[PDB]
Amino acid sequence: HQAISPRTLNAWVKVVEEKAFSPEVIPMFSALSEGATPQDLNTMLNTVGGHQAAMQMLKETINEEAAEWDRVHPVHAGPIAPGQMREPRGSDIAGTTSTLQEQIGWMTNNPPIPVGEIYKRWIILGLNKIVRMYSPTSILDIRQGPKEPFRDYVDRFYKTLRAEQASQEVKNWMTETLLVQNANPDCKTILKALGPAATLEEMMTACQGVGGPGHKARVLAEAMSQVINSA
Amino acid sequence: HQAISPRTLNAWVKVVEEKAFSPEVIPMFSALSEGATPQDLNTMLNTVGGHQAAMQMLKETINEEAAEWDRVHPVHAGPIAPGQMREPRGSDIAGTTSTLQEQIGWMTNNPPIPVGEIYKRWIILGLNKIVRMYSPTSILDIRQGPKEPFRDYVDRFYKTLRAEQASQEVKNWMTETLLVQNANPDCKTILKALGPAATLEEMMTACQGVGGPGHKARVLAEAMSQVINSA
Amino acid sequence: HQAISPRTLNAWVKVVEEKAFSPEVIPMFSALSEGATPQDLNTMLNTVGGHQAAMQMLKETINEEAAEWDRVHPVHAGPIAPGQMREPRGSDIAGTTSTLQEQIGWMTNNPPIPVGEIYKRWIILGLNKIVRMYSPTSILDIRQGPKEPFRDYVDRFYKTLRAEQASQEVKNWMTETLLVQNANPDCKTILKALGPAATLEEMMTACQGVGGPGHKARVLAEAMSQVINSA
Amino acid sequence: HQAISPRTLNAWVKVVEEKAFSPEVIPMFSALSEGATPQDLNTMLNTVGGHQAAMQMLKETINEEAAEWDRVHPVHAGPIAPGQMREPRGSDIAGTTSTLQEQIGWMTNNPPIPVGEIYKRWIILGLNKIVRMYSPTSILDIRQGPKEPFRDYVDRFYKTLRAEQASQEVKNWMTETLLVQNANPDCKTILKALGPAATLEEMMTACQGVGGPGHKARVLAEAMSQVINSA
Amino acid sequence: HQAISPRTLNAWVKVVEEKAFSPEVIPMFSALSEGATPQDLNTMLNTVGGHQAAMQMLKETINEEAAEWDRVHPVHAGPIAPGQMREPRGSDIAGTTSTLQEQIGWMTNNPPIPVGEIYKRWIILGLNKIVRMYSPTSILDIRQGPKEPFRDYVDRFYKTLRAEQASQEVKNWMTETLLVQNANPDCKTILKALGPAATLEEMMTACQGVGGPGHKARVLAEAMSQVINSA
Ligand SMILES: O=P(O)(O)O[C@H]1[C@H](OP(=O)(O)O)[C@@H](OP(=O)(O)O)[C@H](OP(=O)(O)O)[C@@H](OP(=O)(O)O)[C@H]1OP(=O)(O)O
């Protein structure tokens with residue numbers, strides 16, 4: 001038995017966190033899981049932080065693969081044998097309903113049953129599906145909607161920034177730069193009307209009125225003022 | 001067995017209520033629960049008042065750690081009569097399906113199984129996740145939305161006040177200082193138009209028409225008249 | 001032997017990377033290494049990515065502590081074969097010249113020798129020294145010197161960016177918003193006159209002459225012309 | 001023993017030279033070394049031409065992995081002569097202190113010790129580190145410093161060209177189109193005034209005085225004359 | 001054996017940290033180490049924090065004294081097993097190659113060998129040399145060089161402040177009242193023009209160009225304009 005080492009698992013986690021789910025994660029995984037048991041592969045998968053939608057898609061793909069294996073490979077009545085090794089099922093290959101001893105026995109039996117390799121193939125199918133379909137979210141993509149309240153936008157921005165992979169200084173710089181930048185024009189003009197030294201609460205109070213009756217009437221009157229004056 | 005004392009439990013409760021879930025709770029916990037059985041740790045956790053979201057995240061982390069323990073650690077189906085002590089499961093370490101005597105036996109038998117230490121590590125992981133992800137709400141954060149009715153804002157304000165950790169006089173001071181200050185400009189203009197001695201019912205009646213047809217027509221007409229008289 | 005779990009080790013790594021070496025790492029380490037062997041502690045220390053200066057200072061502190069332990073504690077001349085084990089030394093406590101079985105034997109023998117606890121104390125002393133003395137480097141701190149060539153500053157910036165913990169999109173935004181901003185005034189004037197659409201190669205070509213005879217003559221002539229025109 | 005074929009090894013060398021150390025080298029390496037002994041992997045690594053810094057980082061990563069393997073895996077005191085082989089160490093897995101026969105015995109014995117697979121994992125970790133941190137040098141990146149003498153820049157350019165992978169005609173075209181282009185403005189002015197037919201010796205003679213007292217005085221006088229004539 | 005008490009050792013540490021290495025440390029040391037073994041003397045010396053240069057000079061003096069003792073005192077060839085002990089050497093007196101039991105036996109045997117007294121004399125000679133030749137560094141002595149970049153001076157200032165023995169509030173006050181004051185005139189002019197409310201990053205940005213072509217040209221132009229206007 002050669003269980004996955006802390007350095008290898010950490011390298012896998014850093015690869016996933018640095019490349020998000022770019023295609024380059026597919027080779028790295030295959031390179032960091034050679035000879036791995038299904039338990040080691042499950043440890044690799046469960047240690048990933050974030051990307052909950054991607055892991056959900058991966059779990060769905062693994063479940064479909066296990067169901068297909070169960071369909072194609074029938075169960076046996078289970079007669080006793082001198083070796084008495086039960087035939088693995090989809091859950092056994094996925095490691096959900098099997099122990100490390102059972103996986104090792106299957107992998108080192110004669111003839112061998114490479115449950116680890118089948119599970120790797122399932123995980124690679126899921127990873128390819130993730131690469132095709134999943135697009136990671138970023139603090140750079142958090143923009144205020146045309147009618148979204150400024151408080152809701154600030155809450156979304158801070159929720160995304162809390163899960164962002166960056167240092168605290170970088171996160172403070174992101175707050176100083178992108179929050180006002182990615183606001184909608186109605187709130188952005190008010191924010192620019194305020195000084196650059198305004199604290200968060202002052203911006204919240206300033207934009208608390210955007211989309212209300214008073215602000216709507218004020219902007220409508222300001223727009224009509226130009227057309228009246230030009231006439 | 002030195003169970004947790006009422007003084008230590010009370011001190012933990014005050015630490016949680018005073019520092020919300022700032023990083024400072026992690027040392028205090030580690031200092032107030034050394035040598036504690038999983039039952040004592042559960043008693044410490046369940047005594048926390050409020051912070052239901054943080055408690056939910058902590059429970060999710062604890063369940064994840066227990067599931068990972070169950071996955072990695074196999075369960076033997078053969079009972080042994082000499083030294084009859086079952087191997088703890090994840091829920092047994094978490095104290096959900098284990099008794100105090102069983103936890104003491106695990107913490108005392110040779111070789112020791114530090115169920116309390118493992119549970120404490122799981123709780124610390126959950127607390128670190130809470131510190132990273134959880135932001136407690138305060139009465140200072142209850143602001144009226146631009147399109148939110150004043151009655152709904154008042155209901156939210158009083159619901160948050162009822163859960164605020166403060167004395168009654170402080171709560172009345174917050175009611176008299178923050179309810180009008182943290183309202184949207186459309187309602188705040190009407191509230192300032194009313195006298196400072198206006199009651200809650202008068203304040204609600206005055207703002208009952210904000211966002212309605214009459215109030216919107218009135219503000220639009222006021223803005224139009226201002227810009228027309230400017231010309 | 002309750003060896004450190006993959007999730008605990010990964011959580012330690014993320015704590016170190018997220019908090020750099022702020023004091024908050026000290027409570028986490030103590031909470032994540034309770035009951036750990038010197039081998040486990042060395043595994044936690046060796047898995048830290050980056051912060052080479054901090055790890056060097058930690059290793060120096062550990063070496064001083066081991067040397068002091070060796071100075072205070074003398075060796076024994078005659079080994080006791082029956083029912084006795086070798087007395088640990090500084091390197092044995094630090095795990096450099098010790099095996100996991102020997103460490104477990106020391107912690108399990110009566111009377112116990114808490115080699116893990118002594119090593120934890122040494123590591124905490126080193127971590128406190130790091131917190132006092134070490135300041136991490138950031139991409140935000142990379143600024144062009146008054147006389148530094150623009151190529152050298154760009155090389156330093158890109159090295160720090162490659163070492164930075166961030167997503168690729170965030171790194172691209174960092175390059176787009178930090179490289180020109182943190183340049184010196186002599187290069188910043190040319191970069192701003194070049195336009196926002198300029199590429200990196202165009203920017204380096206435009207600043208290739210800053211500090212050369214022609215650039216110095218040109219800026220001196222501009223200043224002289226201004227002061228003569230004022231006269 | 002399926003030793004690496006000359007065509008496979010040459011294809012690996014061409015992959016490394018063509019792609020530098022882009023991520024694409026990782027899938028190819030794993031594809032070209034599957035089933036390889038540590039000796040074959042060492043032959044693959046040692047045949048790489050150039051990229052001395054990248055090979056140094058790879059060797060450092062391999063050394064760290066071997067040291068960690070030695071730390072985790074203790075040695076055995078008493079050798080077993082009948083029907084047993086020496087347990088591999090970090091250097092044995094890396095192939096530094098191991099022979100091909102011992103490697104084949106390890107990957108063939110029951111239970112197998114996949115020394116080739118472990119060494120492949122270490123090399124893949126090093127390659128990932130290279131991909132993250134290493135940027136290859138190119139003749140296109142050789143530029144004259146603002147105060148660098150033209151002779152030194154020409155020497156650097158010709159050294160890089162000698163190290164460049166290109167045909168002799170292509171290298172001549174690079175000399176004819178890149179040396180003058182990537183010179184600093186002070187030298188570029190003189191080179192352009194010299195004419196396209198100027199030889200290398202003529203260009204180096206013409207720029208021999210850039211940065212000297214006479215050249216600086218002349219350029220300062222030209223700028224001063226321009227600004228005085230404007231007045 | 002009257003080993004040095006924790007209060008005595010801590011008092012010695014406070015004496016060194018308060019008086020730096022003024023002559024006053026010599027009477028205190030002799031008063032705080034009377035009757036001490038070489039081990040206690042080494043514990044007193046090694047616990048001193050900071051003053052690395054002074055400790056280096058002290059160790060050099062101790063090594064010189066040990067070498068002179070070894071030169072003057074020859075070794076003995078034939079050991080005397082019954083009723084005799086090894087004759088101390090220079091390193092034995094210094095405690096480097098001696099154990100506490102041997103030191104006590106030397107200071108107790110008849111005739112006594114005052115290894116503690118000899119080592120005290122050596123340490124006193126080293127301390128006298130330190131008082132004569134060593135001057136401690138202070139945050140008050142950190143000044144910007146006439147040509148030193150402002151960033152380098154800020155880095156030196158913050159390193160010295162981190163190494164300074166003061167409270168955090170005192171360190172903040174030192175930063176607020178010493179950084180600008182001890183800057184060179186070229187940077188001080190810009191810092192004063194920036195205003196007292198300027199932040200550290202703003203101050204570094206404002207002084208990023210001092211010593212560059214533009215700043216030199218501008219100051220030369222200002223001086224030239226002044227003298228021309230006088231004419
Ligand atoms: O606030 P209400 O009195 O109930 O009227 C609203 C309002 O239209 P007006 O302010 O022009 O009267 C909305 O404007 P927004 O707040 O969304 O900007 C509009 O929504 P849209 O202009 O975006 O479509 C919506 O619907 P609609 O104009 O289609 O009628 C309309 O609702 P009602 O007049 O039906 O109540």
# chains A, B, ... in the order shown; residues from 1 in each chain; ligands from 1
call {"tool": "residues_near_ligand", "arguments": {"ligand": "ligand 1", "cutoff": "7 Å", "atoms": "only C-alpha atoms and all ligand atoms", "output": "list in words"}}
result
residues 211 of chain A; 211, 212 and 213 of chain B
call {"tool": "residues_around", "arguments": {"residues": "range 183-190 of chain A", "least_positions_apart": "5", "cutoff": "10 Å", "atoms": "only C-alpha atoms", "output": "PyMOL selection string"}}
result
chain A and resi 142-150+153-154+178+195+203-204+206-211+215+219
call {"tool": "write_last_selection", "arguments": {"atoms": "N, CA and C atoms", "output": "mmCIF file, in the first residue's frame"}}
result
data_model
loop_
_atom_site.group_PDB
_atom_site.id
_atom_site.type_symbol
_atom_site.label_atom_id
_atom_site.label_comp_id
_atom_site.auth_asym_id
_atom_site.auth_seq_id
_atom_site.Cartn_x
_atom_site.Cartn_y
_atom_site.Cartn_z
ATOM 1 N N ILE A 142 -18.659 40.436 -9.852
ATOM 2 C CA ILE A 142 -19.745 40.913 -9.004
ATOM 3 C C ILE A 142 -20.054 42.351 -9.402
ATOM 4 N N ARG A 143 -21.167 42.542 -10.103
ATOM 5 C CA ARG A 143 -21.592 43.853 -10.562
ATOM 6 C C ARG A 143 -23.011 44.120 -10.089
ATOM 7 N N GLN A 144 -23.277 45.376 -9.748
ATOM 8 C CA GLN A 144 -24.616 45.765 -9.335
ATOM 9 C C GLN A 144 -25.577 45.711 -10.514
ATOM 10 N N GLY A 145 -26.780 45.207 -10.261
ATOM 11 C CA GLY A 145 -27.810 45.172 -11.268
ATOM 12 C C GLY A 145 -28.374 46.551 -11.534
ATOM 13 N N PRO A 146 -29.061 46.712 -12.667
ATOM 14 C CA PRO A 146 -29.668 48.016 -12.975
ATOM 15 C C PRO A 146 -30.688 48.468 -11.947
ATOM 16 N N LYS A 147 -31.409 47.540 -11.318
ATOM 17 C CA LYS A 147 -32.391 47.880 -10.302
ATOM 18 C C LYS A 147 -32.064 47.295 -8.936
ATOM 19 N N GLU A 148 -30.885 46.712 -8.761
ATOM 20 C CA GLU A 148 -30.546 46.082 -7.496
ATOM 21 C C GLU A 148 -30.251 47.141 -6.438
ATOM 22 N N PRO A 149 -30.752 46.968 -5.216
ATOM 23 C CA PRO A 149 -30.369 47.875 -4.131
ATOM 24 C C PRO A 149 -28.872 47.819 -3.878
ATOM 25 N N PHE A 150 -28.309 48.970 -3.506
ATOM 26 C CA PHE A 150 -26.872 49.042 -3.267
ATOM 27 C C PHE A 150 -26.464 48.171 -2.086
ATOM 28 N N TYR A 153 -26.086 44.627 -3.334
ATOM 29 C CA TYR A 153 -24.848 44.512 -4.094
ATOM 30 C C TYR A 153 -23.638 44.461 -3.171
ATOM 31 N N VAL A 154 -23.629 45.289 -2.125
ATOM 32 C CA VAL A 154 -22.518 45.280 -1.177
ATOM 33 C C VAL A 154 -22.457 43.948 -0.439
ATOM 34 N N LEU A 178 -12.869 47.787 -6.587
ATOM 35 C CA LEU A 178 -13.934 47.219 -7.406
ATOM 36 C C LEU A 178 -15.337 47.549 -6.921
ATOM 37 N N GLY A 195 -16.913 62.158 -1.794
ATOM 38 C CA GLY A 195 -15.473 62.162 -1.856
ATOM 39 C C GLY A 195 -14.903 60.758 -1.852
ATOM 40 N N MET A 203 -21.460 55.724 1.971
ATOM 41 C CA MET A 203 -21.943 55.324 0.652
ATOM 42 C C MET A 203 -23.275 54.590 0.747
ATOM 43 N N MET A 204 -23.429 53.730 1.757
ATOM 44 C CA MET A 204 -24.699 53.037 1.944
ATOM 45 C C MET A 204 -25.833 54.026 2.169
ATOM 46 N N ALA A 206 -25.883 57.189 1.277
ATOM 47 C CA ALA A 206 -26.073 57.989 0.073
ATOM 48 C C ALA A 206 -26.895 57.244 -0.970
ATOM 49 N N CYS A 207 -26.645 55.950 -1.142
ATOM 50 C CA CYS A 207 -27.345 55.165 -2.150
ATOM 51 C C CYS A 207 -28.601 54.486 -1.618
ATOM 52 N N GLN A 208 -28.938 54.689 -0.342
ATOM 53 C CA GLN A 208 -30.159 54.109 0.209
ATOM 54 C C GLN A 208 -31.405 54.566 -0.539
ATOM 55 N N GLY A 209 -31.359 55.733 -1.171
ATOM 56 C CA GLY A 209 -32.508 56.269 -1.861
ATOM 57 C C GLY A 209 -32.632 55.924 -3.326
ATOM 58 N N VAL A 210 -31.637 55.257 -3.911
ATOM 59 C CA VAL A 210 -31.654 54.983 -5.343
ATOM 60 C C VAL A 210 -32.786 54.019 -5.665
ATOM 61 N N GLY A 211 -33.612 54.387 -6.638
ATOM 62 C CA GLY A 211 -34.775 53.602 -6.988
ATOM 63 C C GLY A 211 -36.019 53.903 -6.186
ATOM 64 N N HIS A 215 -35.809 59.822 -5.492
ATOM 65 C CA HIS A 215 -34.692 59.751 -6.428
ATOM 66 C C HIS A 215 -35.185 59.660 -7.866
ATOM 67 N N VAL A 219 -34.261 62.455 -10.724
ATOM 68 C CA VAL A 219 -33.554 62.175 -11.972
ATOM 69 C C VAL A 219 -34.438 62.502 -13.170
#
call {"tool": "closest_atom_pairs", "arguments": {"of": "chain A", "to": "chain D", "cutoff": "8 Å", "atoms": "only C-alpha atoms", "output": "Markdown table"}}
result
| residue | atom | partner | partner_atom | distance |
| --- | --- | --- | --- | --- |
| A:8 | CA | D:125 | CA | 7.9 |
| A:11 | CA | D:125 | CA | 7.5 |
| A:24 | CA | D:23 | CA | 7.1 |
| A:27 | CA | D:27 | CA | 5.7 |
| A:28 | CA | D:26 | CA | 7.7 |
| A:31 | CA | D:121 | CA | 6.5 |
| A:32 | CA | D:121 | CA | 6.2 |
| A:34 | CA | D:117 | CA | 7.1 |
call {"tool": "write_last_selection", "arguments": {"atoms": "N, CA and C atoms", "output": "JSON list (two decimals), in the first residue's frame"}}
result
[["chain", "number", "residue", "atom", "x", "y", "z"],
["A", 8, "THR", "N", 1.61, 15.44, -1.69],
["A", 8, "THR", "CA", 0.86, 15.21, -2.92],
["A", 8, "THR", "C", -0.56, 15.74, -2.82],
["A", 11, "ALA", "N", -0.46, 19.48, -2.94],
["A", 11, "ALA", "CA", -0.22, 19.94, -4.31],
["A", 11, "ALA", "C", -1.48, 19.84, -5.15],
["A", 24, "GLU", "N", -5.99, 21.99, -17.31],
["A", 24, "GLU", "CA", -4.72, 21.52, -16.76],
["A", 24, "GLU", "C", -4.89, 20.75, -15.46],
["A", 27, "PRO", "N", -4.62, 16.58, -16.27],
["A", 27, "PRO", "CA", -3.33, 15.88, -16.17],
["A", 27, "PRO", "C", -2.82, 15.78, -14.75],
["A", 28, "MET", "N", -2.82, 16.90, -14.02],
["A", 28, "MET", "CA", -2.31, 16.92, -12.65],
["A", 28, "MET", "C", -2.95, 15.82, -11.81],
["A", 31, "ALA", "N", -1.70, 12.60, -12.72],
["A", 31, "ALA", "CA", -0.31, 12.45, -12.33],
["A", 31, "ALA", "C", -0.16, 12.27, -10.83],
["A", 32, "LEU", "N", -1.11, 12.75, -10.04],
["A", 32, "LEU", "CA", -1.02, 12.69, -8.59],
["A", 32, "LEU", "C", -1.82, 11.54, -7.99],
["A", 34, "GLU", "N", -1.71, 8.12, -9.51],
["A", 34, "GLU", "CA", -1.31, 6.87, -10.13],
["A", 34, "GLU", "C", -1.17, 5.79, -9.06]]
call {"tool": "atom_distance", "arguments": {"atom1": "CA of residue 156 in chain A", "atom2": "CA of residue 181 in chain B"}}
result
24.1 Å
call {"tool": "select_by_dssp", "arguments": {"residues": "range 120-213 of chain A", "states": "helix (DSSP H, G or I)", "output": "PyMOL selection string"}}
result
chain A and resi 120-133+139-141+150-162+168-181+185-193+200-207+213
call {"tool": "residues_around", "arguments": {"residues": "range 96-107 of chain A", "least_positions_apart": "4", "cutoff": "9 Å", "atoms": "only C-alpha atoms", "output": "PyMOL selection string"}}
result
(chain A and resi 1+37-39+42+85-92+111-116) or (chain B and resi 71-74)
call {"tool": "atom_distance", "arguments": {"atom1": "CA of residue 10 in chain C", "atom2": "CA of residue 127 in chain D"}}
result
21.9 Å
call {"tool": "atom_distance", "arguments": {"atom1": "CA of residue 2 in chain D", "atom2": "CA of residue 119 in chain A"}}
result
27.5 Å
call {"tool": "residues_around", "arguments": {"residues": "residue 25 in chain B", "least_positions_apart": "4", "cutoff": "7 Å", "atoms": "only C-alpha atoms", "output": "list in words"}}
result
residues 15, 16, 21 and 29 of chain B
call {"tool": "write_last_selection", "arguments": {"atoms": "C-alpha atoms", "output": "PDB file, in the first residue's frame"}}
result
ATOM      1  CA  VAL B  15     -17.139  35.221  25.524  1.00  0.00           C
ATOM      2  CA  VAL B  16     -19.339  34.129  22.619  1.00  0.00           C
ATOM      3  CA  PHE B  21     -17.381  34.996  16.556  1.00  0.00           C
ATOM      4  CA  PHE B  29     -12.553  27.782  23.654  1.00  0.00           C
TER       5      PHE B  29
END
call {"tool": "residues_around", "arguments": {"residues": "residue 228 in chain A", "least_positions_apart": "6", "cutoff": "10 Å", "atoms": "only C-alpha atoms", "output": "PyMOL selection string"}}
result
chain B and resi 227-228+231
call {"tool": "write_last_selection", "arguments": {"atoms": "N, CA and C atoms", "output": "PDB file, in the first residue's frame"}}
result
ATOM      1  N   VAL B 227     -38.018  72.490 -11.191  1.00  0.00           N
ATOM      2  CA  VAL B 227     -37.231  72.703 -12.404  1.00  0.00           C
ATOM      3  C   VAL B 227     -37.915  73.695 -13.340  1.00  0.00           C
ATOM      4  N   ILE B 228     -39.250  73.758 -13.328  1.00  0.00           N
ATOM      5  CA  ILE B 228     -39.949  74.731 -14.163  1.00  0.00           C
ATOM      6  C   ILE B 228     -39.734  76.144 -13.636  1.00  0.00           C
ATOM      7  N   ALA B 231     -36.552  77.625 -14.634  1.00  0.00           N
ATOM      8  CA  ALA B 231     -36.558  78.206 -15.971  1.00  0.00           C
ATOM      9  C   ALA B 231     -37.416  79.467 -16.011  1.00  0.00           C
TER      10      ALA B 231
END
call {"tool": "decode", "arguments": {"residues": "range 33-53 of chain B", "atoms": "N, CA and C atoms", "output": "mmCIF file, in the first residue's frame"}}
result
data_model
loop_
_atom_site.group_PDB
_atom_site.id
_atom_site.type_symbol
_atom_site.label_atom_id
_atom_site.label_comp_id
_atom_site.auth_asym_id
_atom_site.auth_seq_id
_atom_site.Cartn_x
_atom_site.Cartn_y
_atom_site.Cartn_z
ATOM 1 N N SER B 33 -11.836 24.272 27.535
ATOM 2 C CA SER B 33 -12.346 22.938 27.244
ATOM 3 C C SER B 33 -11.242 21.889 27.206
ATOM 4 N N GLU B 34 -10.101 22.148 27.836
ATOM 5 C CA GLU B 34 -9.018 21.176 27.804
ATOM 6 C C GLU B 34 -9.330 20.024 28.751
ATOM 7 N N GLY B 35 -9.184 18.799 28.253
ATOM 8 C CA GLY B 35 -9.560 17.631 29.021
ATOM 9 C C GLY B 35 -11.044 17.361 29.072
ATOM 10 N N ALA B 36 -11.841 18.098 28.305
ATOM 11 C CA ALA B 36 -13.286 17.939 28.328
ATOM 12 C C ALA B 36 -13.717 16.744 27.490
ATOM 13 N N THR B 37 -14.700 16.008 27.998
ATOM 14 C CA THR B 37 -15.296 14.920 27.250
ATOM 15 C C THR B 37 -16.164 15.477 26.123
ATOM 16 N N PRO B 38 -16.482 14.656 25.117
ATOM 17 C CA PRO B 38 -17.395 15.126 24.063
ATOM 18 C C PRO B 38 -18.736 15.601 24.589
ATOM 19 N N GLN B 39 -19.237 15.011 25.676
ATOM 20 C CA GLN B 39 -20.469 15.506 26.281
ATOM 21 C C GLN B 39 -20.302 16.934 26.785
ATOM 22 N N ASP B 40 -19.171 17.227 27.431
ATOM 23 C CA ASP B 40 -18.917 18.585 27.898
ATOM 24 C C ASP B 40 -18.790 19.557 26.733
ATOM 25 N N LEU B 41 -18.142 19.134 25.646
ATOM 26 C CA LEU B 41 -18.014 20.001 24.480
ATOM 27 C C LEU B 41 -19.374 20.275 23.848
ATOM 28 N N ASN B 42 -20.230 19.253 23.780
ATOM 29 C CA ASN B 42 -21.584 19.453 23.277
ATOM 30 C C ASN B 42 -22.367 20.401 24.172
ATOM 31 N N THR B 43 -22.215 20.263 25.490
ATOM 32 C CA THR B 43 -22.874 21.183 26.411
ATOM 33 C C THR B 43 -22.379 22.609 26.200
ATOM 34 N N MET B 44 -21.079 22.767 25.951
ATOM 35 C CA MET B 44 -20.526 24.082 25.649
ATOM 36 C C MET B 44 -21.138 24.662 24.381
ATOM 37 N N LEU B 45 -21.289 23.835 23.345
ATOM 38 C CA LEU B 45 -21.779 24.342 22.066
ATOM 39 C C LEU B 45 -23.266 24.671 22.121
ATOM 40 N N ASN B 46 -24.073 23.790 22.713
ATOM 41 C CA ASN B 46 -25.519 23.978 22.747
ATOM 42 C C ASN B 46 -25.957 25.124 23.648
ATOM 43 N N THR B 47 -25.085 25.618 24.523
ATOM 44 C CA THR B 47 -25.456 26.703 25.420
ATOM 45 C C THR B 47 -25.322 28.071 24.759
ATOM 46 N N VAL B 48 -24.733 28.135 23.565
ATOM 47 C CA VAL B 48 -24.596 29.402 22.858
ATOM 48 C C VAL B 48 -25.972 29.908 22.450
ATOM 49 N N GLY B 49 -26.259 31.162 22.781
ATOM 50 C CA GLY B 49 -27.520 31.790 22.424
ATOM 51 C C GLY B 49 -27.361 32.645 21.179
ATOM 52 N N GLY B 50 -28.357 32.575 20.304
ATOM 53 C CA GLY B 50 -28.278 33.284 19.047
ATOM 54 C C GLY B 50 -27.273 32.636 18.108
ATOM 55 N N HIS B 51 -26.920 33.394 17.070
ATOM 56 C CA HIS B 51 -25.954 32.956 16.064
ATOM 57 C C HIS B 51 -26.349 31.603 15.476
ATOM 58 N N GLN B 52 -27.615 31.501 15.066
ATOM 59 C CA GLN B 52 -28.122 30.238 14.538
ATOM 60 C C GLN B 52 -27.393 29.839 13.261
ATOM 61 N N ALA B 53 -27.075 30.812 12.404
ATOM 62 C CA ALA B 53 -26.338 30.504 11.183
ATOM 63 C C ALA B 53 -24.949 29.963 11.496
#
